[PDB]
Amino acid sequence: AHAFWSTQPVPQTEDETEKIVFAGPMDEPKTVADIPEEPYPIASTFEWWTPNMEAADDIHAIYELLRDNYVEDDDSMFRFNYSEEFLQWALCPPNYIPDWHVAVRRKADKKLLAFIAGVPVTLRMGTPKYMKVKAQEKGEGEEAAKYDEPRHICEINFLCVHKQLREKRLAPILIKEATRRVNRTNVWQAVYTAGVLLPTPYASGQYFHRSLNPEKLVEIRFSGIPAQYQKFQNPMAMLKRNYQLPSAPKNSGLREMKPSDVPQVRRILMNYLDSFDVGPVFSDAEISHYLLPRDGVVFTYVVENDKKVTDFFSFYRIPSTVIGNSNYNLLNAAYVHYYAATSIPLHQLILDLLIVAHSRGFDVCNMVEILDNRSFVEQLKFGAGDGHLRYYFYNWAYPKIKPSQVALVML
């Protein structure tokens, strides 16, 4: 059934997955020395390309490939339109490896045809807590703790094959060449997410959306007026009323994050993420990179009364193309990013997120049910969307966990 994934070091069935009790590798340990020096052979009409992310033109080429060919919703009404500034931020964290950005171009004109990207991430990915309890009961605590230390691995994103090249098994070649490049740096695990079912996820979660401009959402058919609203004389006016927000934040102390907050946000964030089974470990340079505000891309606010950062939240922006509306070209969506609350309840912190996003002209706020995102879905009037996001490892055996035990946000 899976000619490519059946040759790879991943759990092959949910049964396979059910028998996993400890984290650790799937494969045979290998060395850099064992891995072929040369790129994987490709058809003579194509060529491998490593784009330079410091070069405006190379970012622009990847931006056009994704603008026209990347992920669409299931009804083909919307397609993600990551900006060039977003791609530079996502693709180039501190100590990124330029060789992990893998492209295929057509030789005859240098047209970009396929892309995949890897970035370094440091991830806690040891045995989950529930499985450590079961281990203690069996007397098997040392095996359970072997891979407890944060690991330097690759996070894969942005796999995209041009529409004209679909179903020609081009995706497997990209994945194998990315794997070769990552392995040649002595990294043997990757983490990736997808909104498709592949062999075989370690967690799965629903998407959630919070309307901020319901009249536009209904006009572009992101949203429907629900049936229940028909009992009203003016269904749309009641819908707008239901989702209305304050103009200004409720928490005094709220202000944009600035560089001097980095150490305190790193502290409160790392203390929070600690509670989760799978989650990233960020250095000060990484906190700086992923959280300091960047126009049009990432927005971060802290709660500081009496000169101490006690809470913060962040969100990032991705516009989507609206495929053929006379009125609207773009859906401007905000995505919940990392956050930590130590002094106020999380629903009150995220309410300020929604108020900030609405004030800045976003149409909808989106999130996956990771972190503690469930604790605020009802009060903050989030609705479950369609389908599920699945989380995967490459070359890592891992027990199934709940999405509330996952703390890695994928951009």
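Residue numbers run from 1 along the displayed sequence. The term rigid core refers to the most C-alpha atoms you can superpose between the two forms while keeping them within 1.5 Å.
> If you line up the core and then measure how far each C-alpha sits from this form in 9 other deposited structures of this protein, which stretch comes out higher, 158-166 or 224-232?
Stretch with the higher C-alpha RMS distance in 9 other deposited structures of this protein: 224-232.
> Superpose by the rigid core: which stretch, 211-219 or 74-82, shows more Cα shift in 9 other deposited structures of this protein?
Comparing 211-219 with 74-82, the larger C-alpha deviation in 9 other deposited structures of this protein belongs to 74-82.
> So, looking at the entry's B-factor column for Cα atoms, which has the higher mean, 111-119 or 245-253?
Result: 245-253.
> Please compare 277-285 with 310-318 and say which has the higher mean C-alpha temperature factor in the record.
It is 277-285 that shows the higher mean C-alpha B-factor.
> For the listed residues 213, 185, 157, 305, which one has the largest C-alpha B-factor as given in the deposited model?
Out of 213, 185, 157, 305, the record gives the largest C-alpha B-factor to 305.
> In terms of CA temperature factor as recorded, identify the highest of 140, 84, 72, 295.
Among 140, 84, 72, 295, the PDB entry lists the largest C-alpha B-factor for 140.
> Classify residue 1 as lowest, middle or highest third according to the C-alpha B-factor given in the PDB entry, relative to its own chain.
Top third by C-alpha B-factor.
> Quick check for you: using the entry's CA B-factors within this chain, is residue 224 in the lowest, middle or highest third?
It belongs to the highest third of the chain when residues are ordered by C-alpha B-factor.
> Using only modelled residues of the chain, where does the Cα B factor of residue 39 rank: lowest third, middle third or highest third?
Highest third - that is where residue 39 ends up once the chain's C-alpha B-factors are sorted.
> Splitting the chain's C-alpha B-factors into thirds, which one does residue 130 fall into?
It belongs to the highest third of the chain when residues are ordered by C-alpha B-factor.
> Split into thirds by Cα B-factor across the chain's modelled residues, where does residue 172 land: lowest, middle or highest?
Residue 172: CA B-factor falls in the middle third of its chain.
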